[PDB]
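Given next, in structure tokens, is a single chain: the form deposited in one PDB entry.
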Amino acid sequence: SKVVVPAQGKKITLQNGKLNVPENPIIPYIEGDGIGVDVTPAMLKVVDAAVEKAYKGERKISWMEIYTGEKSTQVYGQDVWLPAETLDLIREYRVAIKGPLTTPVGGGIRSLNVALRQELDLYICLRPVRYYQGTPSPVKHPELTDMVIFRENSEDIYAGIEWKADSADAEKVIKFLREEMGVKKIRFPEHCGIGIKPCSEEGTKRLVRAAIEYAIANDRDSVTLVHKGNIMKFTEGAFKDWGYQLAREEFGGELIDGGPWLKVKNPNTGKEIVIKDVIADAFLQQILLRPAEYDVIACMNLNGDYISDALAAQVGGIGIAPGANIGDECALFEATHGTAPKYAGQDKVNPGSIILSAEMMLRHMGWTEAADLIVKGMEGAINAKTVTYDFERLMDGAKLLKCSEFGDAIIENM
């Protein structure tokens, strides 16, 4: 009702699990608050250059702007941070990409990013992190990191079931716990905030299955379930058990003997995928100390949030880190950094994150060539040391380009 759906262009279609993508598909994009205003123009430009190059004119993307966050209040009015038609439109057109999003404080409004993920039941947050040769890194051997994070997006403490200290609600559920559940374990039951952490069997088996399938499909070497289950037995310890169980029941997992690790034969390559677990505090060490030991990572919502950020810092890509939130009916590719308001409009930040998320998008649509061209362009530009301010600070010999210009540098190395 304020979106102008393109005259030329045809919806992607979901024909029983598989995506039927037209040659002129309408992809919705949410511009993004803050630096979205800079990074997004850079991505439409390089995706367009990459599908024109790959398919020689045959295919073209019809971009359709939809609204969430701060720009939505300037379009639908002050109170609408998340319009109900953005949810219908993403659902409808099947794949979408977005830039960074401002959630307001003071309004009782929960994270708009998390909101899109729960509202549209996009239960897979998939964050790939690998090293691009030549980016500055804090660590000695970032080239050893090449991991894929499958982070659960629909349950854990992120469900947002919590009550204020001294509220009536909080007073009521603490009474139920102490009186009716007989809990003698809250150190200070007075002035006490309360949060609920749910972890169900369906929620974790659907994420673990996506994780192992991804491993089979790209014949990755292993799947590590990380958790803190020695302390949280019935939510995080349930997650490692339900994941070993699904590997044994649905993928023919077998002990590498003695336990606990499982072998899964990839039906396609003949290779074995090891299915293992590491406790989450030790994991944060093991990714710094032995990165080559790890590959596909399956984990619950809070832990995957931390593991992503941490893995991203080490390979030197906190501003060129892509991501996706995938469910059964649709997907939303996103820049994974924030809105950086101090730089907005200055054309200077790194468009690399939202760009590499459009190669994930292009890849997901089956436009694999367009997509391989974007990562070709990326390695080209970085290796050219034809880089944006964030990378240049840390490099000797680089040429500083603006945001729009690193767009063009990616197109030149295609």
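Each residue number is its position in the shown sequence, starting from 1.
- Per-stretch averaging of Cα B factors for 347 to 355 and 54 to 62 places 54 to 62 on top.
- Averaged over their C-alpha atoms, the temperature factors of 222 to 230 and 192 to 200 are higher for 192 to 200.
- Residue set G270, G316, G338, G323: peak C-alpha B-factor at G270 (per PDB entry).
- The PDB entry gives the largest Cα B-factor of the residues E92, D281, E250, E152 to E92.
- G106: CA B factor lies in the highest third for its chain, per the PDB record.
- Per the deposited record, the Cα B-factor of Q245 falls in the middle third when ranked against the other modelled residues of its chain.
- Remark: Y123 belongs to the lowest third of its chain, ranked by C-alpha B-factor as recorded.
- The PDB entry assigns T68 a C-alpha temperature factor belonging to the lowest third of its chain's modelled residues.
- Ranked against the other modelled residues of its chain, the C-alpha B-factor of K265 as given in the entry falls in the highest third.
One more form of this protein, deposited in another entry, exists but is not displayed; see below.
- Two rigid parts rotate against each other between this form and the one not shown, and the hinge linking them lies at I320 among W367, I320, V208, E31.
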